[PDB]
Amino acid sequence: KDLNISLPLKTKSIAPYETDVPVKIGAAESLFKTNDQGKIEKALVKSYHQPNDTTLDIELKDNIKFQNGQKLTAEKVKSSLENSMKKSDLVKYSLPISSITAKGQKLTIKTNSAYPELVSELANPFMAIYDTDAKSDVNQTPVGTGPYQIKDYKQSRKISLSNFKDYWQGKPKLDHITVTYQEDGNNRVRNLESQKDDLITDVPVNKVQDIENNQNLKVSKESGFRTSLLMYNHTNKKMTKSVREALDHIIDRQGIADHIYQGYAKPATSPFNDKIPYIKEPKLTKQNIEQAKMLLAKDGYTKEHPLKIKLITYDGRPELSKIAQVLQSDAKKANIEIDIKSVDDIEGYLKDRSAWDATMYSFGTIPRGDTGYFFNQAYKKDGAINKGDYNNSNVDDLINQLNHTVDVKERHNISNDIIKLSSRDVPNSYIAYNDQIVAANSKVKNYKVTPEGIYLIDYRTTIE
Ligand SMILES: C[C@@]1(C(=O)O)N[C@H](C(=O)O)CS1
Ligand SMILES: N[C@@H](Cc1c[nH]c[nH+]1)C(=O)O
Ligand code: NA
Ligand code: NI
């Protein structure tokens, strides 16, 4: 039983602290997880307690081994977390840990002050546990506790995994897994249709009908918590508030949702899906080309002297470049000349902030039930996913207050305050809350398509 998977968004390093792919493909696990309904659960943890607000006491399960046969102990968890914190800003900024002590299966994690979201962020896949004493490169073949061990990695191309027979939860159902990267969603579907691959993610919405028609294949949709957007580069002085507001008004969100996503998305306002009951969304921006033209006039742009925008896009999320095309067309009516640059390695490209004005983008904005992760990583300076370097001290203050706020209703309140204040800045233009669409050979069973948009393979995934 060999499973062939095709994924977009090629990786360089596949250290767990560099990408969620090891968790996705069943190689690694974090201390906590979210379940099918998106709620935080103990995973590797047998018990935990929080005797005060600066102390987290954890007891690990006693029956868990890494794929090399080494026991999962508190010392191994300590060294893993500490290495990940040292090696990744994302991890570091999500885990304000002041000290860790360990003995046997118990560890104690301390902070300097109350950080209510610490436990939640220990379910983050970037915090997955690996063996720091493994005598192999963690960037190529990390050793985890998951059901499938990474055996070979051809960088940016292909990952080969094998059944870890002593996997703690159950004997995994597949013999091998082969993961190959393919950025073009139409190619991913062709690969599925030709049986080159068995399981693919991020199915282009215009191929959904074809896959539904095909009795050899099946489609799963899940509304979840991913948001597409137009992301602005705030380090470029020409990307003023008026320019951001103008572009916000050239977007037709209802049209994009109806016709580009073909109803597999809802028009977006804030970063966060409006399905979440406590979120107070800002008002929906409706396309207004005349308004955009007026906003650009404030900056001196005219038909004779238009604004020039370099807009980056990428194929991985198939609808993004379709949005870019209609943005380009409509923007011309508002005296903006957009040049679209499609790139193969989007994060590699955006690292050079001299090379772009704006980019199509996609965020997992609330993977573990709380808005804090997104605010800290996306809206704070040097936040790990803040590719356009948005920062506003007034927003910072509220985020900082949020981070120490224990009462949940008060967190919801401050969060809505952050949404309201930041929305005035147009940090990004959030376009759609769009479904994750996964497709597979009908023989492939028990993979995950759940709202957090991270998990896929577990020990029950199989071929029948
Ligand atoms: C910015 C981020 C995202 O899509 O939310 N990119 C990576 C991902 O898609 O997993 C890590 S988090
Ligand atoms: N954050 C973007 C780009 C990316 C590349 N790899 C992971 N993410 C997305 O999820 O589409
Ligand atoms: Na990224
Ligand atoms: Ni991403």
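The first residue of the sequence shown is numbered 1, and numbering continues consecutively from there. Numbering of ligands and ligand atoms starts at 1, following listing order.
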Beyond-backbone contact of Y153 with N139, side-chain heavy atoms, under 4.5 angstrom: no
Counting from 1 in the order shown, the ligand 2 atoms closer than 4.0 Å to a non-hydrogen atom of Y314 are 2 (C), 3 (C), 9 (C), 11 (O)
Any carboxylate oxygen within less than 4.0 angstrom of a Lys/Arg side-chain nitrogen, looking at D345 and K10? no
Taking only heavy atoms of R226, which atoms of ligand 2 are found under 4.0 Å from at least one of them? 9 (C), 10 (O)
To the nearest 0.1 Å, how far is atom 3 (C) of ligand 2 from its closest protein heavy atom, and which atom is that? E347 OE2, 3.4 Å
Salt bridge or not for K207 and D210, using N-O below 4.0 Å? yes
Interfacing atoms of ligand 2 (cut-off 4.0 Å, heavy-atom, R317): 9 (C), 10 (O), 11 (O)
Atoms of ligand 2 less than 4.0 Å from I346 heavy atoms? 3 (C), 5 (C)
Does the distance from a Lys or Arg side-chain N to an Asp or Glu carboxylate O, for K78 and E82, drop under 4.0 Å? yes
Is it possible for you to check whether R226 lies under 6.0 Å from the centre of the six-membered ring of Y433, through NZ or CZ, and within 45° of that ring's axis? no
Identity of the N, O or S atom of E347 lying closest to the Na ion (ligand 3): OE2
With a 4.5 Å heavy-atom cut-off, do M360 and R317 have their side chains touching? no
How does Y361 reach ligand 2, if at all, at less than 4.0 Å between non-hydrogen atoms: by side chain, backbone, both, or neither? side chain
Under 4.0 Å from one or more heavy atoms of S362, ligand 2 contributes atoms 1 (N), 2 (C), 9 (C), 10 (O), 11 (O)
Please check if the distance between the ring centroids of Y17 and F126 is under 6.0 Å. no
Among protein heavy atoms, which lies nearest atom 8 (N) of ligand 2, and at what distance? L9 CD1, 3.8 Å
